[PDB]
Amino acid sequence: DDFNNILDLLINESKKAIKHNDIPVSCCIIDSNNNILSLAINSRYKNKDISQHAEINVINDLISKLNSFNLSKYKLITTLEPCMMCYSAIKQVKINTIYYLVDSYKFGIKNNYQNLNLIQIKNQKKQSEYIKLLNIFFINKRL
């Protein structure tokens, strides 16, 4: 069901990061009516910037659009559960909800954490496609 079109776009965009050896992650920020306002992909290693995960990129995008650091009436949708750096960045701009498709433990160590709802997206098919994408990425990099 949920976010089928949005997840289609995010999954398709996350592939663009594989060129530059970045983990394929993409995310967007939506308003109360599920309109996408900002879209971003992971570009840390592409631009040699420790901060340029997809989450911080989309946050900075909406900040530039609104000329405001208060993003409290928007929500974030990401393909992969954010890291603690990006999690803290999300809480500092006052976004109260993170929808994620794949949790942080399927490919790594679980994150340890009130003011922020962390919701798993129910869409086994999109989740399966994206997990396939990540598996291919990691095994092709171990090469």
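Throughout, we count residues from 1 along the sequence that is shown.
Coordinates are lacking for 4 to 9 deposited residues between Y113 and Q114. Averaged over CA atoms, B-factors in the entry run higher in 32 to 40 than in the other of 53 to 61 and 32 to 40. When the C-alpha B-factors of 76 to 84 and 104 to 112 are averaged, 104 to 112 comes out higher.
Annotation for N135, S14, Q124, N21: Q124 ranks highest, by Cα B-factor. Sort the chain's modelled residues by C-alpha temperature factor and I90 lands in the lowest third, per the entry. Sorting the modelled residues of the chain by their CA temperature factor places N96 in the highest third. Among the modelled residues of its chain, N47 has a C-alpha B-factor that falls in the middle third according to the deposited record.
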